[PDB]
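Just one chain follows, in the form deposited in one PDB entry, and it is written as structure tokens.
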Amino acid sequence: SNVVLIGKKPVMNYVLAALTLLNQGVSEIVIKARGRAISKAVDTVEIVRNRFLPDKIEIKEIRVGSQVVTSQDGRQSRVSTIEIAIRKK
């Protein structure tokens, strides 16, 4: 895969999922998140490139967007999204 979707789980979960990938051959991953989890998506990247692989990781690209979603009622609503692709420097 190589995609880490930020969910409702505590940050450490994702920085671990993230490190596991990298420190395992994978040279590039993509942190994806939407809604309020967007905050956590950046937190995940900073923690990764900061207290775990400082100087060995670079942000290759960052995309922000909106995605229409269908709620339980069947009603449409949109949420913001972020995509942070990073790779071993």
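Residue indices: 1-based, along the sequence shown. Shifts are known only where both forms have a C-alpha. For clarity, a rigid core is taken as the largest C-alpha set superposing within 1.5 Å between two forms.
Not on display, but discussed next: the form deposited in another entry.
J.: Taking the rigid core as the frame, does residue 9 move its C-alpha by 2 Å or more between the shown form and the other one?
T.: No, the C-alpha moves less than 2 Å.
J.: With both forms fit on the core, has residue 71 moved 2 Å or more by CA between the shown form and the other one?
T.: True for residue 71: a C-alpha shift of 2 Å or more.
J.: Superpose on the core, then tell me which runs of at least 3 consecutive residues have all their CA atoms shifted by 2 Å or more between the shown form and the other one.
T.: Core-superposed, just one run shifting 2 Å or more comes out: 70-77.
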